[PDB]
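**Student:**
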Amino acid sequence: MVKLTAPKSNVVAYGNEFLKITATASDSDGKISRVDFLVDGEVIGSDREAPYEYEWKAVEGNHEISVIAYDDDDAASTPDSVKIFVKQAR
Numbered sequence: 001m002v003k004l005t006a007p008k009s010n011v012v013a014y015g016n017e018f019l020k021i022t023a024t025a026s027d028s029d030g031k032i033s034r035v036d037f038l039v040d041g042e043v044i045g046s047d048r049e050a051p052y053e054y055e056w057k058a059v060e061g062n063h064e065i066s067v068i069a070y071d072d073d074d075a076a077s078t079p080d081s082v083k084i085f086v087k088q089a090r
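Under the authors' numbering, the first residue of the sequence shown carries the number 1, and numbering increases by one thereafter.
#1: Do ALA69 and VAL35 have their beta-carbon atoms positioned less than 8 Å apart in this structure?
#2: For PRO51, I'd like the list of residues in its chain whose CB is within less than 8 Å of its CB, leaving aside the five on either flank, ordered along the chain.
#3: At the level of alpha carbons, what is the spacing between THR5 and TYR54?
#4: For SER26, which of helix, strand or coil comes out of DSSP?
#5: Taking only the alpha-carbon atoms, compute the straight-line gap between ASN62 and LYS20 and give it to the nearest angstrom.
#6: Could you tell me which of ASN10, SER26 and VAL12 sits nearest to residue 177, measuring between CA atoms?
#7: So what does DSSP say about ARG34, is it helix, strand or coil?
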């Protein structure tokens with residue numbers, strides 16, 4: 001399983017500034033190999049070690065941020081996601 005811990009849906013963010021995405025992940029059968037971080041369904045990057053975190057260069061407008069945990073068989077969890085709105089670059 002995976003849980004998105006940040007950001008919240010009301011996060012204040014601006015274009016071209018970095019937004020931190022954070023997630024927990026765990027698995028009672030075997031081991032989490034990585035957590036992928038997604039924006040609008042596109043993988044922006046991965047983290048292989050807890051605490052799982054990524055920074056995204058924010059782009060203005062509506063976006064959905066998600067996380068997917070992958071096990072040792074490289075099998076995917078159901079995603080956790082949040083919808084945000086990124087303001088125009090200052």
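For each residue, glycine too, the CB sits at the ideal point set by N, CA and C.
**Tutor:** So, to answer that:
#1: yes
#2: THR22 and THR24
#3: 12 Å
#4: coil
#5: 16 Å
#6: Because the chain in this structure spans residues 1 to 90, residue 177 falls outside the shown range and cannot be described.
#7: strand
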